[PDB]
Amino acid sequence: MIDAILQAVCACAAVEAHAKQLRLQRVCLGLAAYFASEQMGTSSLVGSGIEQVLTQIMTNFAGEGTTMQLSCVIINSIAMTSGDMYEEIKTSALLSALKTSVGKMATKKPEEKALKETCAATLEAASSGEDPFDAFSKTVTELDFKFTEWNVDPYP
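Okay, so the sequence shown: first residue is 2349 according to PDB author numbering, each after it adds one.
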């Protein structure tokens, strides 16, 4: 079931029309993060092109906070799950997009610098020389649901 719903949310996010529909991208990434962090659906994700979906929202909304956290949880999780699966998503593009995006993250307010830090470890962990299981071992690998804005309406 999970495999098949994760295949839909990846497909749903990769259609070019939906690229810039943030709130959607957010919840597709949300679900992706939940299952990845919870060690499920990781094969469905990578197979159904989670790589592309990530680079899309990381270059269409470079810097955006909520998408960056979810994206990094997914990566951190997949990195801590399978060696075969991580080196499949570890594409030049993703790396470029992750660095450029970390670059543009807001860095003034106290929780804004703290969030940057988290998403910056993933980038360090990605470009590290170290075996991924070592490199990503201390990085965040669980989902705080607040970053998915699941229950926040755009027009209260």
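Positions of the beta carbon are idealized from the N, C-alpha and C atoms, including for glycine.
Worksheet entry | Helix, strand or coil at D2501 [DSSP, three-state] | Counting from one through the sequence shown, the residue named residue 2501 turns up at place 153. Annotated three-state conformation of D2501 is coil, per DSSP.
Practice prompt. Would you grab the beta carbon distance between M2416 and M2453 for me? Rounded to a whole angstrom, and I think it's under 8 Å.
Written response: As a working note, residue 2416 is residue 68 in the sequence shown. As a working note, residue 2453 is residue 105 in the sequence shown. Rounded, the Cβ-Cβ distance is 6 Å, consistent with contact.
Item to complete: Give the secondary structure of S2385 by DSSP, where H, G and I count as helix, E and B as strand, and everything else as coil.
Response: Here residue 2385 is taken as the residue at index 37 of the sequence shown, counted from 1. Of the three classes helix, strand and coil, the one that applies to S2385 here is helix, per DSSP.
Discussion item. Looking at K2464: is its Cβ nearer than 8 Å to the Cβ of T2470?
Written reply: Within the sequence shown, residue 2464 is the residue found at index 116, counting from 1. Within the sequence shown, residue 2470 is the residue found at index 122, counting from 1. Taking 8 Å as the cut-off, the beta carbon of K2464 is found no closer than this to the beta carbon of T2470.
Worksheet item: Taking all protein chains shown into account, do 16 or more other C-beta atoms lie within 10 angstroms of the C-beta of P2480, making it buried, or fewer, making it exposed?
Response: Your numbering for residue 2480 matches position 132 in the sequence shown. By the 16-neighbour rule on beta-carbons within 10 angstroms, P2480 is buried.
Discussion item. On the criterion of 16 or more Cβ atoms from any shown chain inside 10 Å, does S2449 qualify as buried, or is it exposed?
Written reply: Looking up residue 2449 in the sequence shown gives position 101. Classification of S2449: buried, given that the 10 Å Cβ count is 16 or more.
Worksheet entry | Cβ-based burial, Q2369 [other Cβ within 10 Å; buried from 16] | Residue 2369 sits at position 21 when you count from the first residue of the sequence shown. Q2369 counts as exposed, since fewer than 16 other beta carbons sit within 10 angstroms of its beta carbon.
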